[PDB]
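Take a look at this one chain, the form deposited in one PDB entry, written out in C-alpha cells.
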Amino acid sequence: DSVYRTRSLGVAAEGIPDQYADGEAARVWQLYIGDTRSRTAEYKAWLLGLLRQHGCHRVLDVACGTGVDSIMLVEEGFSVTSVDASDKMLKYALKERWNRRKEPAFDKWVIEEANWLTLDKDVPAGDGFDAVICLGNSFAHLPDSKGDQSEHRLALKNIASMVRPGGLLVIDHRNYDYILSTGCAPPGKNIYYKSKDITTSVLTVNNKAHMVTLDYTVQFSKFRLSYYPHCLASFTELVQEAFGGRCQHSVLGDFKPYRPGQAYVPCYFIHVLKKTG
C-alpha cells in the first residue's frame, strides 16, 4: 500500500530533463537568480576597495553561486578559486567561464564543487587564501538539523581554516534580529542589486527562532527558500570561535561600519575578520 516510483530520486537519464527541473517554481526561481546577476555599484565599489587595502590577490569564494561575485574579481585581476555545493548553481558560473575562455584571466579561474561540512578534504589549499568570501547571505542557507548548531560550527570552522594566517574573511547575513522582531522582510531597498511580493514566515520552536521562510512571488507563480535566522550577537561569537579567538572581528551594516546603538537599521551585517595566528 505504498507508492512505486518510475525512477530513483537523484538519478538522471539521457534524453529527459532531470526531476523537477522544468517545474513552475523552478522557472520563477530561474528568473530570480538571473535578474540578480547585476550587482550594485556601491557593493562592487565596497568589495573591490576592501580587498585592496589588505593585500589580497588569491581569493576563495565559498558560496560561488552563479559566480557573479567571482566573475567580477577575475575581471579585476584577482587570482580566483570559486566553490559551491550546488551543481545546479555552478552550471552558470562554468558556462560563463567557457564563453570567456579566450580571455587569459578566465582560463585561470578555478571553479570546483565543495561542501562546507567537508571543505577540508574537498578542497586542498595548504597555506591558505589572502581572502575567503561568503556574501549574499548564503551561510544562513545551512539549517540546524541536530538542534545544537553543531553543523554551523563545523561549517564556519572549515571556512576559517581556508584563510591563510594574516588573511581576511568576509562573511555576511541578513538582519534577522530585526526580521524576528517585525516578522517581515525589510523594505525593497536596492542595496546588493537592482532587481516583489515576499511573504515572510518565522517558525519558532519553544520560543527559540528556528527558521525563516520566504515565499517570493512574481506575475501567478512563486518559489520559496528557508533560512536559519542568525542574530548579530550569537553569530558574532559563532564566527569568532571558528578561529578560536585569533582574529580581529569587525561588523558592517550595509557597507558602513556598524555602531551598537546606532539609529540606522542595516539590511545586512558584514563581518570582516582578520585572522592573526
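The term rigid core refers to the maximal set of C-alpha atoms that superpose within 1.5 Å between the two forms. Residue numbers here begin at 1 and follow the sequence given.
Q: For the step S195 to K196, what size class fits the number of deposited residues with no coordinates, none, 1 to 3, 4 to 9, or 10 or more?
A: Missing residues, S195 to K196: 1 to 3.
Q: According to the entry, are there none, 1 to 3, 4 to 9, or 10 or more residues of the deposited sequence without coordinates between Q219 and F220?
A: According to the record, 10 or more deposited residues lack coordinates from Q219 to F220.
Q: Can you tell me which stretch has the higher mean Cα B-factor, 118-126 or 146-154?
A: Per the deposited B-factors, the answer is 118-126.
Q: When the C-alpha temperature factors are averaged for each of 180-188 and 133-141, which stretch ends up with the higher value in the entry?
A: Comparing 180-188 with 133-141, the higher average CA B-factor belongs to 180-188.
Q: Just the C-alpha B-factor column, please: which of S234, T66, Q240, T213 has the biggest number?
A: Each of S234, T66, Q240, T213 was compared by C-alpha B-factor; the highest is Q240.
Q: Going by what the PDB entry lists, where does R58 fall on CA B-factor within its chain: lowest, middle or highest third?
A: Middle third by C-alpha B-factor.
Q: Sorting the chain's modelled residues by C-alpha B-factor, tell me whether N175 ends up in the lowest, middle or highest third.
A: Middle third of the chain for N175's C-alpha B-factor.
Q: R7: which third of its chain by C-alpha temperature factor?
A: Lowest third of the chain for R7's C-alpha B-factor.
Q: Would you mind checking where the Cα B-factor of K102 ranks among the modelled residues of its chain, as the lowest, middle or highest third?
A: It belongs to the middle third of the chain when residues are ordered by C-alpha B-factor.
Q: Using the B-factor values recorded in the entry, state whether the Cα atom of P266 falls in the lowest, middle or highest third among the modelled residues of its chain.
A: For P266, whose C-alpha B-factor we compare with every modelled residue in the chain, the answer is the middle third.
Below, we turn to the form deposited in another entry, even though it does not appear here.
Q: Does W29 move appreciably between this form and the one not shown, meaning a CA displacement of 2 Å or more on the superposed rigid core?
A: Yes; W29 is a residue whose C-alpha shifts (by 2 Å or more) between this form and the one not shown when the cores are overlaid.
Q: Does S38 shift between this form and the one not shown by 2 angstroms or more at the C-alpha, the core having been superposed?
A: Where the cores coincide, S38 still shows a C-alpha shift between this form and the one not shown that is 2 Å or more.
Q: By 3 Å or more, the Cα spacing of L90 and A12 differs in the other form; is it closer or farther than in this view?
A: Distance between the C-alphas of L90 and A12: longer in the other form, by 3 Å or more.
Q: Assuming the CA distance changes by 3 angstroms or more, are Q19 and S138 closer together or farther apart in the other form compared with the shown structure?
A: Distance between the C-alphas of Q19 and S138: shorter in the other form, by 3 Å or more.
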